[PDB]
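Structure first, then comments.
For neighbour counting, all protein chains shown are included, and Cβ atoms are generated from backbone atoms with ideal geometry for every residue, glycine included. Taken together, the values in this text are just the output of simple stated rules run on the coordinates, not laboratory data.
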Amino acid sequence: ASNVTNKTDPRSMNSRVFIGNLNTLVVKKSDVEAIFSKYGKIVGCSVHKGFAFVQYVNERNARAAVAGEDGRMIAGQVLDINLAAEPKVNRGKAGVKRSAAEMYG
RNA sequence: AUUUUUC
């Protein structure tokens, strides 16, 4: 698949997958487009430090991997997968941080 | 080598 995943169209912002807390020191672009291609047609993919991105053809494909791979282990670590326009995590760089509305009370 | 963008 292509190397592009940063569009901002009203259907490309929800046909995309965010992949945080990723084992980016063992994974590669040829791995991310091979771990998420089982849940949809990838037409763009990119990888960075601590996170990566995947661009599907539609939103249905994104919900397939955002609910099909989220919380899975790869290369010995777990990755936090979510819709690219529906962030809920505090981006605490470890997943240990909580929201002021989701605290222990 | 470590959570929203071109590895």
Say we look at segment A:28-45 and pick out the residues that are farther than 11 Å from A:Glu69 by Cβ and among the hydrophobic types (A, V, I, L, M, F, W, C); which of these is surrounded by the fewest Cβ atoms within 10 Å (Cβ to Cβ)? A:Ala34
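Within segment A:53-77, count every residue that is part of a loop (DSSP other than H, G, I, E, B), in contact (Cβ under 8 Å) with a residue 12 or more places away in the chain and more than 18 Å from A:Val26 (Cβ to Cβ). Step through it out loud before you land on a result.
To start, the set of residues in segment A:53-77 that are part of a loop (DSSP other than H, G, I, E, B) comprises A:57-58, A:67-72, A:75-76.
Add one more test, that the residue is in contact (Cβ under 8 Å) with a residue 12 or more places away in the chain, and what stays is A:57-58, A:68-70, A:75-76.
Now drop any that are not more than 18 Å from A:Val26 (Cβ to Cβ), which leaves A:57-58, A:68, A:70.
Total satisfying the criteria: 4.
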Provide a single number: the residues in segment A:25-49 that are without any contact (Cβ under 8 Å) to a residue 40 or more places away in the chain and touching a strand residue (DSSP E or B) at 6+ places or on another chain (Cβ under 6 Å). 5
Candidate set from segment A:3-23 (those that are among the polar types (S, T, N, Q), surrounded by fewer than 20 Cβ atoms within 10 Å (Cβ to Cβ) and near RNA strand B (Cβ under 8 Å from one of its atoms)); member that is nearest to A:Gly76 (Cα to Cα): A:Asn23
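In segment A:52-63, is there at least one residue being within 12 Å of RNA strand B (Cβ to nearest atom), out of contact with any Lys or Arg (no Cβ under 9 Å at 6 or more places or on another chain) and over 21 Å from A:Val89 (Cβ atoms)? Quick ask: steps written out before the conclusion?
First pass over segment A:52-63, keeping only residues within 12 Å of RNA strand B (Cβ to nearest atom): A:52-55, A:62.
This time we only want the ones that are out of contact with any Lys or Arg (no Cβ under 9 Å at 6 or more places or on another chain), so: none.
No, segment A:52-63 has no match at all.
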Counting just the residues of segment A:78-95 that are within 6 Å of RNA strand B (Cβ to nearest atom) and among the basic types (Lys, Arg), which one comes out farthest from A:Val26 (Cα to Cα)? A:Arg91
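Would it be correct to say that A:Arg98 is more than 8 Å from RNA strand B (Cβ to nearest atom), more than 15 Å from the chain's Cα centre (by Cα) and surrounded by fewer than 14 Cβ atoms within 10 Å (Cβ to Cβ)? Talk me through it step by step, then tell me what you get.
Numbers: more than 8 Å from RNA strand B (Cβ to nearest atom): yes; more than 15 Å from the chain's Cα centre (by Cα): yes; surrounded by fewer than 14 Cβ atoms within 10 Å (Cβ to Cβ): yes.
It is true that A:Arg98 is more than 8 Å from RNA strand B (Cβ to nearest atom), more than 15 Å from the chain's Cα centre (by Cα) and surrounded by fewer than 14 Cβ atoms within 10 Å (Cβ to Cβ).
Of everything in segment A:28-47 that's of a type in the set (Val, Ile, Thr) and touching a helix residue (DSSP H, G or I) at 6+ places or on another chain (Cβ under 8 Å), which residue is nearest to RNA strand B (Cβ to nearest atom)? Before the answer, list the steps.
We begin by selecting, within segment A:28-47, every residue of a type in the set (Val, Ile, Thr); these are A:32, A:35, A:42-43, A:47.
Narrowing the set further to residues that are touching a helix residue (DSSP H, G or I) at 6+ places or on another chain (Cβ under 8 Å) leaves A:42, A:47.
Numbers: A:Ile42: 13, A:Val47: 4 Å.
Checked segment A:28-47; the qualifying residue nearest to RNA strand B (Cβ to nearest atom) is A:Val47.
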